[PDB]
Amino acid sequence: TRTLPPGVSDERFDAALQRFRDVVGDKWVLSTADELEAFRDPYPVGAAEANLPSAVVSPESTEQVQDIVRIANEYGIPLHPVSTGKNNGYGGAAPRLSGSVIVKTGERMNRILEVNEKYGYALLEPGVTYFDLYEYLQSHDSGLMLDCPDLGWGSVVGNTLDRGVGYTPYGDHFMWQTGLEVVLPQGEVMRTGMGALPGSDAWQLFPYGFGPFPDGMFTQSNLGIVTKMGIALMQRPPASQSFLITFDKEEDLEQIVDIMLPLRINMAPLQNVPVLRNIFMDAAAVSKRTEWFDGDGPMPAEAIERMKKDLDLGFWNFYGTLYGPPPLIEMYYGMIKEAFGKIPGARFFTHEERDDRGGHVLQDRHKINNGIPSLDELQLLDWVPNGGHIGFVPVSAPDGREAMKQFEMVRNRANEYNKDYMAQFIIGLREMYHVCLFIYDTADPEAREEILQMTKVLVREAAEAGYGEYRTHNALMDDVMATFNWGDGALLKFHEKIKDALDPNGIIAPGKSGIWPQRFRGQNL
């Protein structure tokens, strides 16, 4: 049928749509079923339809965002703000609440407002992609570098606002985010930090401004629609070298983590954000599943062995990058070589020492860790026909026993639900994201429903072991926020009071992070 906002008639919605068209122009409101299918979750989860958009609106300016918000308030139309809407693995551009309108800020608000060489920052509109920014930096011959995630088509703004991560020293995007401009849920515009002081040049210099520090409350949040964002850019070091360490055994995970933490916590010699990818993760990047195993079932141990031998990779594959003058890079690599060399079967390769298929991932990490955005890692989705992923990412202490327990808990459930377990340990200073990508056939309703049920079990089971996810998909947001229920759901109750204060009509992205406004609370979604 026609997809409508909850409790909005065909009559009110057509009226709301015409008002939208009056603000942004006829060409920049999408509302037909055929055109709207590009904005559904490319990696859908569950058998039944979920997260359907009623319309897509593409404003050009802050003021247009204001009027769109003002219209939504009058007609009770829920608004789902996105930038480039490439949140793939977490719902893409699809809104949490079926029937919501996508506000695609990125389509036409895509200008690089400023790139300041002296102070090393960028002021961006949501539409500026990692590729967009890299092209700017290269063309203007910049000494600065950006920090990208695995896929470069994302928004520097959009990624920050869901607290996504990169892999250079500037990997923590929210940390380096400096100032923003947001349209609050009833259409008022506000600037944070020094942007709040008229005429200040310090908007991108000093994050905090004066009084309570709000910026964080607009990340993984439904408290507004962001129209501008500042971020800090690191200067490109004079040289760099990337390396791979293959580890033969599954049980090697324990010592890898335990050896890694002393080398990582002081940001030297492990300067970048190290990643520890399993053989499944790496194999999927360069090959199809059917190359190794033709059956329907958890892959047998001999099949795993073929992947390792043929790709010349270990069960665990450590990828790092070193920066600075060659002598410093030499000393740091020397230290890494001999800390990790204490593990039987460890083998060491630099980005200059491997041109084979197996070294494709090392060559890609070398680009990502040097602020060169890539799409090469889209090849993962060729693992199986109509390939999709969901991201189940629990946060772990950098401890080999915690890491082993998590590895074994997840592989256990993946085998049960007949999904390949692909893992990438992203290592911060004192914490670790255990990235589990589950790749499945999107066109097969049982794969979708198996993915949904399996991850709901893993959310619950991880919680009973004392682990939470940093970020999750539309389908798991209620299940994930339910796990942060210390003091009888104290945190959700806190977020609920603020959402109802700023958004009294419950307009902005209802259900985001399991945070529902009053008019939707207890309403079976």
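Residue numbers here begin at 1 and follow the sequence given.
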Review point. As stated in the PDB record, which stretch has the larger average Cα B-factor, 81 to 89 or 449 to 457?
Key: 449 to 457
Point to revise | Stretch with the greater mean C-alpha B-factor as recorded in the entry, comparing 508 to 516 against 5 to 13 | key: 5 to 13
Practice item. From the list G179, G158, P300, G224, select the residue with the highest C-alpha B factor recorded in the entry. Key: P300
Point to revise | Options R365, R277, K337, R108 - largest CA temperature factor per the record | key: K337
Point to revise | For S139, the third of its chain into which the C-alpha B factor falls | key: middle
Check your understanding: Of the three thirds of its chain by CA temperature factor, lowest, middle or highest, which one includes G391?
Key -> middle
Revision key, fill the gap. So, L429's CA B-factor, relative to its chain, sits in which third? The highest
Practice item. State the tercile, meaning the lowest, middle or highest third, of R96 with respect to the CA B-factors recorded for its chain. Key: middle
Revision key, fill the gap. Sorting the chain's modelled residues by C-alpha B-factor and splitting them into thirds places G400 in the highest
